[PDB]
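# Observations on the three-dimensional arrangement
Residues per chain are reported as follows:
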Amino acid sequence: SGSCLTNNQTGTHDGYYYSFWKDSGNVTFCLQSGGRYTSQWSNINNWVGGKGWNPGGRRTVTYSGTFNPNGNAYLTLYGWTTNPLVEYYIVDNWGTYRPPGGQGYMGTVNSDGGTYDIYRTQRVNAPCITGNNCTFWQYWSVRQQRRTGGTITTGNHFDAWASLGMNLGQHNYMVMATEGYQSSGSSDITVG
């Protein structure tokens, strides 16, 4: 049994941690069975959410499902660390915009049968886990080719990032998320 959420919320469902956040707009985030969740969004500015773990860390994440963006949206492992404060992404799929627009390219890393471009970008006046209006660095791993489903060996990415001076702090949550920006669409993802 699961409920569909329309307001920001975090918790645990069917053994999996989940985080659902948006600054404004309409998103229906449904807690399906096990590690599954579905989402449908529209009339939004920004939103991100999914099922996963808290805390995150080195892990072989397995996920599957569908991703149907109508504009700008990402299908990505998403998490945070503190001290330092970092927002990280391991993007497997995207819509009309491939993040982060090539900004802050650092190199590449091979993992789970694919090659990912690595980027590091800074954010300002942005919401973060420790409050609102924060500034912090974002670490990115973006697949060179779109994919919807497979394994994501987080350690492979964390290590490449570290080698490039992109160090992580104490792990907070880590989920297989769907993110949207001024767009609409849907997703159906099961994590393990």
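Below or above, wherever it landed, is the structure these notes cover.

Cut-offs and rules
Residues numbered from 1 in each chain as written, not as in the entry; some residues may be left out. Heavy atoms only, no water. Helix = DSSP H or I, 4+ residues; strand = E, 2+ residues; numbered from the N terminus. Rg over C-alpha atoms; globule rule 2.2 N^0.38 Å. Buried < 20%, exposed > 50% of the residue type's maximum accessible area, 1.4 Å probe, protein only. Contact = heavy atoms within 4.5 Å. Areas by Shrake-Rupley, 256 points an atom, 1.4 Å probe, with all protein chains shown as cover. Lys, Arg positive; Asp, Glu negative; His and termini not counted. Charge placed at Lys NZ, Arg CZ, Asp CG, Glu CD. Salt bridge = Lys/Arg side-chain N within 4 Å of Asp/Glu carboxyl O. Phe/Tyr/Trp six-rings, centres within 6.5 Å; stacked < 30°, edge-to-face > 60°. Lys NZ or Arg CZ within 6 Å of the ring centre and 35° of its normal. Pairing = 2+ DSSP bridges.

## Focus on the overall build of the chain
Broken down by element type, the chain carries 1 helix and 15 strands. In terms of overall dimensions, the chain is globule-like: its C-alpha atoms have a radius of gyration of 15 Å, near the 16 Å expected for 192 residues. The dimensions of the chain, computed from C-alpha atoms along their principal axes, are 45 × 35 × 30 Å. In the chain, which comprises 192 residues, the proportion classed as buried is 52%. If you take every contact in the chain between residues at least 6 apart in sequence, the share linking residues at least 24 apart comes to 64%. Carbon and sulfur atoms make up 41% of the accessible area of the chain, which amounts to about 8000 Å² in all. A gap of 1 Å separates the mean positions of the 11 positive and 9 negative side-chain charges of the chain.

## Observations concerning the pattern of salt bridges
Per the stated rule, a full pass over the model turns up 4 salt bridges. Here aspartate 188 ties to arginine 36 by a salt bridge, and the two come within 2.8 Å at their closest N and O atoms. Of this pair, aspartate 188 sits in strand β15 (residues 184–191) while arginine 36 sits in strand β5 (residues 36–42), and the two are 152 residues apart along the sequence. Residue class for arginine 36 comes out partly exposed when judged on its relative accessible area of 29%. Among the ionic pairs, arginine 98 bridges to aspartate 117, the shortest N-O distance being 2.8 Å. Here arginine 98, found in the loop between β9 (86–94) and β10 (105–111), pairs with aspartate 117, found in strand β11 (residues 114–128); they are 19 residues apart in sequence, far enough to count as distant. Looking at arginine 98, the relative accessible area reads 26%, which means it is partly exposed.

## A closer look at the packing of aromatic side chains
This model, assessed by the stated rule, comprises 19 aromatic pairs. With a centroid separation of 5.9 Å and an interplanar angle of 70°, the aromatic rings of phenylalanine 20 and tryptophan 47 are classed as edge-to-face. Of the two residues, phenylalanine 20 sits in strand β3 (residues 16–22) while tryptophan 47 sits in strand β6 (residues 46–53), which places them 27 residues apart along the sequence. The pair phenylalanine 20 / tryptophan 47 is uniform in exposure class, with both members buried. Ring pairing ties together the aromatic residues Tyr17, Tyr74, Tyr78, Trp80, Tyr89, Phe136, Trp140 and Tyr173, which thus form one cluster. Geometry around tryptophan 94 places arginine 98 over its ring, the cationic atom sitting 5.1 Å from the centre. Of note, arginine 120 hangs over the ring of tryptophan 137, and the distance from its end group to the ring centre comes to 4.3 Å.

## Quick notes on the pairing of β9
Two faces make up the sheet, and in a regular strand the side chains alternate between them. Counted residue by residue, β9 has 9 buried out of 9 residues, so it is predominantly covered. Pairing geometry for strand β8 (residues 73–82) and β9, over 8 bridges, is antiparallel. Pairing of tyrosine 74 across the sheet is with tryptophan 94, part of β9. Between β8 and β9, which follow one another and run antiparallel, lie 3 residues, and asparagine 83 among them has a positive phi close to 50°. Bridge count between β9 and strand β12 (residues 131–143): 6 bridges; the pairing is parallel. Note on β12: the bridge partner recorded for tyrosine 88 is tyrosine 139.

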